[PDB]
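Reading through the structure tokens given below for one structure.
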Amino acid sequence: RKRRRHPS
Amino acid sequence: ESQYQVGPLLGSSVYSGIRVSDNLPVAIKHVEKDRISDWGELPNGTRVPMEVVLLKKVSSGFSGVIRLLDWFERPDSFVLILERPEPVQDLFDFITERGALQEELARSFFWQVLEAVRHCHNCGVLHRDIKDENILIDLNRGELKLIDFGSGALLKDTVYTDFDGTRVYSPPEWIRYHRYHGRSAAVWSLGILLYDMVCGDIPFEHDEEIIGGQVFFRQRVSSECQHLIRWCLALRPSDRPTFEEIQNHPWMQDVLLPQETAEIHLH
Ligand SMILES: NCCCNC(=O)c1ccc(-c2cccc3sc(C(N)=O)cc23)s1
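Order-wise, the sequence lines are chains B and A.
Note that the deposited numbering has the first sequence beginning at 2, numbered continuously upward.
For reference, each letter of the second sequence is one residue, going 35 to 46, 51 to 305 in the deposited numbering.
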């Protein structure tokens, strides 16, 4: 899988 | 401008700073008035962003939260002066660099985050954006610190129908009904966080997975830790544990002290 940030 | 020396940018708008007073390392957060959704009143009835209200309320002395040292109003923005530990790394970058954390380290970190969220609740503040991105590690002290109250609210026991937090950490009842209670929502996000710590990434990316309530462990995780995560990620809010039941869970016993955690895992 691809680990990433997620915005607020 | 004269009270602090401004340095270069960190993340997006927060800059490195030094307090001229005593050469203390600070962080200088700028918030555009035009981009602020929720406004509050101060104890002296001054109109400020909710972020400042919540930061003032949690800035007692318990250092599991990044404290607001000072703030300024400008014509089109507010400037927040926050403490800056050095050296620091956020828990998102730490997990990316190191992968799935050992259970001992995950126990220490998760415990400190629990103590910081309880502190927020004790001061009448609901964070509403608990995730690895919103947690700083002081690498020398082995102390975690909560950041970014910009999606926060005053804690209430009645239902919330608004949310500006991270969707992939939001609970099933929000996805489905646009409805949640603060405590049971916070426990859900802490379930995501704990999975993220022991498995090296968050369990759910899509709404279907969030409301599905199936938790597949992609990494070796003890049965005690699997049970705690499954319990925090119960579909029905009322079936989730209290902060008391989490911290009394068998998996959470014999936690490392911050300095022990730094010596063993960070140095
Ligand atoms: N892939 C590298 C990204 C680099 N990024 C970083 O290191 C950091 C970004 C910002 C940091 C920070 C340090 C001290 C106080 C506060 S308060 C606050 C907030 N948003 O409220 C953020 C911070 S740390």
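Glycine residues also receive a C-beta, built at the ideal position from the N, C-alpha and C atoms.
*What is the DSSP secondary structure of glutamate 243 of chain A, reduced to helix, strand or coil?*
coil
*Compute the Euclidean distance between the alpha carbons of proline 296 of chain A and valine 52 of chain A, then round it to the nearest angstrom.*
26 Å
_Cβ-Cβ distance between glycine 99 of chain A and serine 9 of chain B below 8 Å_ = The Cβ-Cβ distance between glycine 99 of chain A and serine 9 of chain B does not fall below 8 Å.
*Please specify which runs of the alpha helix (DSSP H), each continuous and at least 4 residues long, are wholly inside the region 108-180 of chain A, giving them in chain order.*
129-136 and 141-160
*Cβ distance (whole Å) where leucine 107 of chain A is taken to contact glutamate 89 of chain A below 8 Å*: At roughly 14 Å, the Cβ-Cβ gap does not stay under 8 Å, so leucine 107 of chain A and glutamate 89 of chain A are not in contact.
*Using DSSP with H/G/I as helix, E/B as strand and the rest coil, what is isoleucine 230 of chain A?*
helix
*asked:* Any heavy atom of ligand 1 inside 7 Å of the beta-carbon of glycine 45 of chain A?
replied: yes
*Less than 8 Å separating the beta-carbons of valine 126 of chain A and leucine 92 of chain A?*
Cβ distance not < 8 Å, so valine 126 of chain A and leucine 92 of chain A don't count as in contact.
*What do you get for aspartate 186 of chain A, buried or exposed, if any count of 16 or more other CB atoms within 10 angstroms of its CB means buried?*
buried
_Can you list, in chain order, the residues of its chain with a C-beta nearer than 8 Å to that of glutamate 142 of chain A? Leave out the 5 residues immediately preceding and following it._
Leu294, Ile302 and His303
*With a 10 Å radius around its C-beta and 16 neighbouring C-beta atoms as the bar for buried, classify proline 87 of chain A as buried or exposed.*
buried
*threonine 84 of chain A: buried (16+ other C-beta within 10 angstroms of its C-beta) or exposed?*
exposed
*Going straight from the alpha carbon of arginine 4 of chain B to that of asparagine 82 of chain A, what length do you get?*
Approximately 44 Å between the Cα atoms of the pair.
*asked:* Between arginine 73 of chain A and chain B, is the shortest Cβ-Cβ distance under 8 Å, so that the two count as touching?
replied: no
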